[PDB]
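Chains as they are written, first to last, in PDB author numbering: chain W, 641 to 689; chain E, 1496 to 1544; chain X, 1207 to 1254; chain D, 2 to 29, 49; chain G, 241 to 247, 251 to 262; chain B, 1304 to 1447; chain L, 291 to 338; chain R, 75 to 130; chain Y, 404 to 607; chain C, 838 to 984. All C-beta atoms in this analysis are idealised placements derived from N, C-alpha and C, irrespective of residue type, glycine included.
Shown next, in the form of structure tokens:
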């Protein structure tokens, strides 16, 4: 399960609530990573059908 | 020889001991006696703990 | 898996052939260079 | 104890801890 | 396998004289 | 190459010293400089060999159980009060691979010298092997 | 241990390989390395 | 004769305190003669001078 | 007072080397020894001396040397100068010390740690070679062959494209030098690399 | 010829005059550049405004506050999207899985690691999304080698 938050303080408070407020369990947290997007830098080389 | 040099040479090592109190002039001739003879006498005799 | 592993007497040995290395490591004092009698050149390293 | 280097407590080992920097680490149409 | 040295090529390549 | 033996050697040498310290009813480190333990027997010391006075290499533990990472830090071993460099025992022991290579070389050259002494009617002698006197895993000394 | 501050005992000695599994979660294979995670980060934002 | 001469060797080995100045602790000299040659039974060229001469 | 200061520096360096387990720790400890600004040659010289004095060559000292000449450029230049110095003063070392020094420099060369610039001080002529130099070159070149494989060695020598030109190893075409160079490189066991200049004798 | 877009923040550091070099060094190390560095009017502080990619802004605030002895408070706002300098589909790059990528190879590393995390298959069969006749037309074009 991935969680998307605005920043590191946002995720810190979010995970505090997840651990303490709602599901009083112990969780494993991966290192933070950005959410990417894909674009095209040049026109399509050939027609595609 | 390397550990004699590391500790500070023979003079540096003997600085820690009671060699000077013995009044012996120089260290080259001296030697240790392993047993005191009195120890040798009692090495077989039955003794208390 | 690229590493042949075995333990003989008190030693733990790991043999990694040069073919499967694809990595650079310092040839430590504890690394044995295994030569090949056909080509007279080192082919594997044994990590002891 | 710090950046993954060191032992949790110097008690139990004959050492005082005191980790040092390597000072010889090669930092490469 | 051929010996490394002979009577005078060593590793196949002959020993060079002056002549 | 085994980082567990280095720390075990440090610990066990320290407790060997601690036995001597306790038998004197005082384990203060000031009272027992390294000259007490490591000075040779003929000078009145205990003549203890030393192998735990060395720096133990350290690397990040997160990426130590999963990859072989370079030595980025050093953790001190047995501590010597003041500036003392007690020599290592391993530095006076030739590693096994070097000994095996030298063994192969020396036994090959001894075989050729034995052959060239047999081809004539001489008797193979000492002072012919002074260069390779104590070399080879079966030491050359065992021939004479 | 902040390098200018005190050092205490672990307070939590339960880190043995009882799971015996790397969990295929923290593995290097699926992790983008950009900068090392210092302990200052682990102290400033302890829950993340 | 040949046996009691071992007392002299045991008199040189008994110098287990100040035997000699170690090589790393040598400080200069005068009229030194260490710089000489080196015993070399079979050089790298003693093969060609017996693999060609003997072949003739 | 540089006599006593030098002696103290050598004693410190020797003790630091002898109180070390692996080369990484020894380099870390050697860098901590403060030394005169122009006496970087002393550290390398005594590292090579300590390598020579031992009974069998151990990869410890070769690793130390390559780590120093990988740390900076001044160390690399210092080791090149050390090889130059040790080449002409090789006749005064016994066969064992000669072998240890040859292995040290062969391990330095085999890892591209000093560059083969240094071979421009080697000339294979009886007017400036001896038994000691020939044995030195034999040991070095054999060890380089096992380390590299005699496959890469021929490109490394055949294609200098830099100030190393092997004008003494592959002598400039003149006199009876070519015959001696060819026959020596064969007798060593290399053989493969000298066929290129084998044809020169046919040319001249 | 697709690419990868990454989000970039917009920091705002309020540091005294003497703390500027530390901020500049941090930003340069963390793939960020300074748009504007002006004195703050009416205040003894200096205002630094800069961008820094989200992927490289892990603990930027902590480093900044630790190195500046507690001064130089900063706030990070999401600003826009930026194209990763590398080429996402370039099989010629084989990064070592310990070190970070160092420009012109960032995109491939990010793509492969993200695909591994999401459970998607690494192959990325380009031929899966166009028919065989399209592949024949690609051979006709001579650019089928990349795909």
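Straight-line gap, residue i to residue j (C-alpha atoms, nearest Å)
i	j	result
residue 1230 of chain X	residue 1336 of chain B	43 Å
residue 1415 of chain B	residue 16 of chain D	53 Å
residue 687 of chain W	residue 555 of chain Y	48 Å
residue 437 of chain Y	residue 1327 of chain B	39 Å
residue 642 of chain W	residue 25 of chain D	41 Å
residue 1309 of chain B	residue 1527 of chain E	35 Å
residue 1393 of chain B	residue 241 of chain G	42 Å
residue 464 of chain Y	residue 1236 of chain X	14 Å
residue 596 of chain Y	residue 427 of chain Y	36 Å
residue 534 of chain Y	residue 1395 of chain B	31 Å
residue 1508 of chain E	residue 1497 of chain E	13 Å
residue 978 of chain C	residue 1251 of chain X	48 Å
residue 506 of chain Y	residue 517 of chain Y	14 Å
residue 446 of chain Y	residue 953 of chain C	50 Å
residue 1316 of chain B	residue 1218 of chain X	24 Å
residue 852 of chain C	residue 910 of chain C	7 Å
residue 558 of chain Y	residue 936 of chain C	32 Å
residue 684 of chain W	residue 838 of chain C	7 Å
residue 475 of chain Y	residue 660 of chain W	53 Å
residue 1423 of chain B	residue 1238 of chain X	40 Å
residue 1243 of chain X	residue 549 of chain Y	11 Å
residue 413 of chain Y	residue 406 of chain Y	11 Å
Same chain only: Cβ atoms within 8 Å of residue i, ignoring 5 sequence neighbours per side
i	result
residue 857 of chain C	874, 883, 885
residue 1361 of chain B	1374, 1375, 1376, 1377, 1378
residue 1440 of chain B	1402, 1403, 1406
residue 571 of chain Y	522, 523, 524, 525, 526, 527, 528
residue 252 of chain G	258
residue 861 of chain C	871
residue 973 of chain C	none
residue 1412 of chain B	1435
Option in the options with minimal Cα separation from residue i
i	options	result
residue 674 of chain W	C/900, C/876, C/846	C/846
residue 871 of chain C	C/859, C/932, C/881, C/878	C/859
residue 479 of chain Y	Y/521, Y/449, Y/429, Y/458	Y/521
residue 668 of chain W	L/338, L/323, L/296, L/292	L/338
residue 497 of chain Y	Y/470, Y/539, Y/532, Y/486	Y/539
residue 607 of chain Y	Y/406, Y/577, Y/567, Y/592	Y/577
residue 1438 of chain B	Y/460, Y/468, Y/602	Y/460
residue 1248 of chain X	Y/547, Y/467, Y/407	Y/547
residue 567 of chain Y	Y/481, Y/469, Y/510, Y/519	Y/519
residue 949 of chain C	C/894, C/932, C/897	C/932
residue 863 of chain C	C/890, C/878, C/881, C/982	C/890
residue 325 of chain L	C/962, C/939, C/957, C/945	C/939
residue 97 of chain R	Y/462, Y/416, Y/493	Y/416
Rounded distance between the beta-carbons of residue j and residue i, thought under 8 Å
i	j	result
residue 1331 of chain B	residue 1340 of chain B	Residue 1331 of chain B to residue 1340 of chain B, Cβ: 14 Å. No contact.
residue 1226 of chain X	residue 1253 of chain X	Residue 1226 of chain X to residue 1253 of chain X, Cβ: 13 Å. No contact.
residue 261 of chain G	residue 585 of chain Y	Rounded, the Cβ-Cβ distance is 11 Å, inconsistent with contact.
residue 920 of chain C	residue 840 of chain C	5 Å
residue 14 of chain D	residue 291 of chain L	In fact, because the Cβ distance is near 16 Å, the residues do not count as touching under 8 Å.
residue 444 of chain Y	residue 481 of chain Y	6 Å
Close Cβ partners of residue i (< 6 Å) along its chain, the five nearest in sequence each way excluded
i	result
residue 432 of chain Y	419
residue 6 of chain D	20
residue 600 of chain Y	573
residue 1344 of chain B	1350
residue 876 of chain C	883
Residues near residue i in its chain [Cβ-Cβ closer than 7 Å; skip 5 each side]
i	result
residue 563 of chain Y	569
Handout entry: Contact list for the segment 314 to 332 of chain L against chain B, Cβ threshold 9 Å
Key = 316, 317, 318, 326, 327
Exercise for the section: Give the residues from the segment 421 to 448 of chain Y that approach chain R closer than 8 Å (Cβ to any Cβ), ordered along the chain. Expected result: none
Problem - Positions along the segment 1360 to 1394 of chain B whose CB lies within less than 9 Å of some CB in chain D - result: 1360, 1361, 1362, 1363, 1364, 1365, 1366, 1367, 1373, 1374, 1375, 1376, 1377, 1378, 1379, 1380, 1381, 1382
Exercise for the section: Mind checking the segment 1231 to 1252 of chain X against chain Y and listing, in chain order, the residues whose C-beta falls within less than 9 Å of any C-beta there? Expected result: 1232, 1233, 1234, 1235, 1236, 1237, 1239, 1241, 1245, 1246, 1247, 1248
Practice task
Note down, in chain order, all residues in the segment 457 to 488 of chain Y with a beta-carbon under 7 Å from any beta-carbon belonging to chain B.
Solution key: 458, 459, 460, 461
Problem - Interface positions of the segment 582 to 594 of chain Y facing chain G (Cβ-Cβ less than 7 Å), listed along the chain - result: 582, 585, 586, 589, 590, 592, 594
Practice task
Using a Cβ-Cβ cut-off of less than 9 Å, list which residues of the segment 663 to 688 of chain W approach chain C; keep chain order.
Solution key: 670, 671, 672, 673, 674, 675, 676, 677, 678, 679, 680, 681, 682, 683, 684, 685, 686, 687, 688
Exercise for the section: Could you list the residues in the segment 951 to 980 of chain C with a C-beta less than 7 Å from some C-beta on chain L, going in chain order? Expected result: 953, 954
Problem - chain L contacts made by the segment 890 to 904 of chain C, where a contact means CB separation under 7 Å - result: 892, 893, 895, 896, 899, 903
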